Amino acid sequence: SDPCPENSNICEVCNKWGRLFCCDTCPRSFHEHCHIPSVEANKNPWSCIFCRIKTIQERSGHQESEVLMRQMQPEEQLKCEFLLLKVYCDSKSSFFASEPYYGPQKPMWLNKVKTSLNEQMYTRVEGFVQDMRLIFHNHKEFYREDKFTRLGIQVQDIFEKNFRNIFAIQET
C-alpha cells in the first residue's frame, strides 16, 4: 500500500516517477539525489527544502556585494542549495548538468556545483555564485549556435532572478 498517500507520485525537480522521498510538512516528493541537500533518509520528521526555506524566510533591500561577502553559514548554505535546486527545476538546465563535450580554461557544470556545495567546498556565497556564473561565461565562450545560445541566456536569467529574489537584493 502507498506509504505516503498525501504526497506526490513524481519528483518536484525532474517530474518523473521512481523511488521517491516524501516530505512530512508538505505534499512534495523528491528523488534521493534530485533534492538539495541530498535527503537524510533517516530523519523523522523530514522537511523538504521548500518548508525549511519558508521557516527561515518568515523568521529572518540588500546590496549584492554584501550578500556575496557572506560566509556559508547554515542559512546561506541552505539558500544557495535552494537556488541551485530552482535551477534544476527547469528542463533547459539538463543541458548544463553533466560534464560537457569538448577546452575552456576551467570547465564547470551543474552536477559539479551540486557536489562541491554538498561537501561544503564553498566558504562564502561568492564561490557558489562564481561557479554558477562561470557555467554561462564558458557557454558564451565556446558555443555559437543560435538555439543553445538562447538556451544558455534563458538559464542565466533564471539563475540571476532566483539569486536576487532569494537573497533579497535591492533593485535600482
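A residue's number is simply how far along the shown sequence it sits, counting from 1.
Gap check for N44 to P45: zero deposited residues are absent from the model.
Where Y102 is followed by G103 in the displayed chain, the model omits 4 to 9 of the deposited residues that sit between the two. When 17-25 is weighed against 145-153, 145-153 comes out higher, by mean CA B-factor as recorded in the entry. Averaged over Cα atoms, the B-factor as recorded in the entry is higher for 92-100 than for the other of 78-86 and 92-100. In the deposited coordinates, the residue among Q57, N138, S38, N111 with the greatest CA B-factor is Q57. In the deposited entry, the Cα temperature factor of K106 sits in the top third of values across the chain's modelled residues.
In the deposited entry, the Cα temperature factor of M121 sits in the top third of values across the chain's modelled residues. Split the chain's modelled residues into thirds by C-alpha temperature factor. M69 is in the highest one.
Split the chain's modelled residues into thirds by C-alpha temperature factor. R133 is in the lowest one. Sorting the modelled residues of the chain by their CA temperature factor places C48 in the lowest third.
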